[PDB]
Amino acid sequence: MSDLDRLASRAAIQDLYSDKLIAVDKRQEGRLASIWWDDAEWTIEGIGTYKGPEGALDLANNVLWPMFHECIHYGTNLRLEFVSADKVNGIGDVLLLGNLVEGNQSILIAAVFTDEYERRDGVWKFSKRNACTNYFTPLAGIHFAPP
């Protein structure tokens, strides 16, 4: 049936969603580069729009990674609508915990992802991502640290 394809597609898209978060947190360039079409546009509001795997690597190396000593994104609430068998609009929520290099300050971030995915010759990648930051909160007098 076409349901098996749609379930295989959901699984694939949940992996792209997770990979993006994992790649950034664990600093894995290859993982990060592999999730984007060449013409894909990743936008972080307040930062800019970056195009394809190279753009993704630019943003990571030049902004995201220098910005944080370390961080963790917790991805939830991934909700897909299949426009067709081969294109999906996604929404998702993330909770980001980390330490800003600047001020060496523990923050909590809450952000919304507005995504588009596309299958091309049997393969799903991101076609678009917009990231909007709703909460950006320096945690008063707590500092995240290992045990």
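Note that residue numbering follows the sequence shown and begins at 1.
- Checked against the record, the higher mean CA B factor of 37-45 and 88-96 lies with 37-45.
- Ranked by C-alpha B-factor against the other modelled residues of its chain, residue 29 falls in the middle third.
- Annotation for residue 53: CA B-factor lies in the lowest third of the chain's modelled residues.
- For residue 132, the recorded CA temperature factor ranks within the lowest third of the chain's modelled residues.
- Among all modelled residues in its chain, residue 102 ranks in the highest third by Cα B-factor.
- Among the modelled residues of its chain, residue 118 has a C-alpha B-factor that falls in the middle third according to the deposited record.
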